[PDB]
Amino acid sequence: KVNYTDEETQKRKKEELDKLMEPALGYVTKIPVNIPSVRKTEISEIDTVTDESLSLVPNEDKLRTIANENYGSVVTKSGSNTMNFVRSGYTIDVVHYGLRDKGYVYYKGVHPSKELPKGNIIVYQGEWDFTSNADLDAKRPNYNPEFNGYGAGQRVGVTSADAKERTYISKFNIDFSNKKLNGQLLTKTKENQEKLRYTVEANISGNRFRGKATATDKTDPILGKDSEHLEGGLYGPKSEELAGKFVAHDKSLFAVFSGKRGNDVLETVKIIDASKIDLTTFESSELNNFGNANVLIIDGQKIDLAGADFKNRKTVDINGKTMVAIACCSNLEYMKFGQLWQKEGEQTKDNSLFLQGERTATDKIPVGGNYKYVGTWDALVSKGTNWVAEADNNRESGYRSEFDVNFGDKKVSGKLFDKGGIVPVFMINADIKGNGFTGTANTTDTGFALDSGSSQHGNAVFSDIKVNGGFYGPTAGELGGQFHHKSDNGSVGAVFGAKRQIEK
């Protein structure tokens, strides 16, 4: 009166929806509420969830604050009683009236899966929830057989919480051999009759899936619009569970869903490596990753690692912390490694090395043939003084990593050089198993001087340090790995990557 909104073109609307396809630990949206002069409020406030705690309900704090100041009553559904790695549902003020916030609908999960079942078709079952938009002109009946009260969905978004004695159940079939999923979102009445509301189809990439939800009944004034923007992820170390959301193409619905597979013991395969070595404790810890090795996830937030140079320094603010990553290399398409630390003004804290890669499928690991791989590496050795390897582009005399891989004998042989070194400082010997390798890193008998480069200073020696690595890319044309050891006799953390060679 008069109400002005931004004129959104169809192109802009698609772009907006496309943005919502970015993988994240979770997502949350506000339940729409009409201001007095408007007749329709779309679903518009859709935020990523970046915290990693399963006990934190997205925006429940914001809601309880408003509820309390208005004597409301907050109720929260998460599925916390069934799921171990995912949460899905709503937090809602059930005695809501007027123009104040009603609540939120969300999903989130922890430990995006780094191992998937090897193959076959696996069943996941869970629940789903939703909020509609608010619309006076959507033919939503004053009396609704499915939803409680007067004019459900008309002035305030209607939700799964408002249903009359109905349960909202989800079922999925994941075909891990073809990386495809299908599913059904159903409603069950008190008389135990099921009605299919949406069919879901999606493709799996990394530990995420992207696809669509097709409304089964387009005459439904609330659950009647298709989505071409469904996205979710597998969660748990071994894809024990899933969770995701979809947004109706007209922003008239935001649905979330969860799922859990049965107790059957399945064989799994590694799809992702993503970890870091702390350069003070020389301990390894896992990083969150969604299957894109060129994206570094810190505190549920992302750092693009790609850049114009051989290796690139990225500097990103994450929760008031200035993170710095030096990521190598531009010739590696399916993996990245390098340094990571917190910029503490002039100093630096939590110095670490990281490595990420997208594992080759086991059935694409070559069965025979001998290949050279060439790349570089990053390392810290400490034994009184510090010795360092910093990733570089000098194949002749730099910090070279060189490998001979014999796929026939399932052997990897590697050499890690110091700059100017004529003999390597580390020798790697490993066995190939599935899409990775494991073995040892050894210095020579009498090892290498901590360069310095001093005629009184010490020498470092390491014996049978455990090495873990993977093959990355469609046909294992890239390889990488790491090793770490903590000792008073000397310590080391090292990451390396290399690119398969062709004889020119």
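Residue numbers run from 1 along the displayed sequence.
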Looking at the entry, does 459-467 or 446-454 show the higher mean C-alpha B-factor? 446-454
Between 197-205 and 331-339, name whichever shows the higher mean Cα B factor according to the PDB entry. 331-339
Just grab whichever of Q301, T214, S177, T281 has the top CA B-factor as deposited. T281
The largest CA temperature factor among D264, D135, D273, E146 is found at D264
Within this chain, which third does the Cα B-factor at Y371 fall in: lowest, middle or highest? middle
Among the modelled residues of this chain, does the Cα B factor of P36 put it in the lowest, middle or highest third? highest
Third of chain Cα B-factors occupied by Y168: lowest
According to the PDB entry, is the CA B factor of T268 in the bottom, middle or top third of its chain, that is, lowest, middle or highest? middle
Taking only the Cα B-factors deposited for this chain, tell me whether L230 sits in the lowest, middle or highest third. lowest
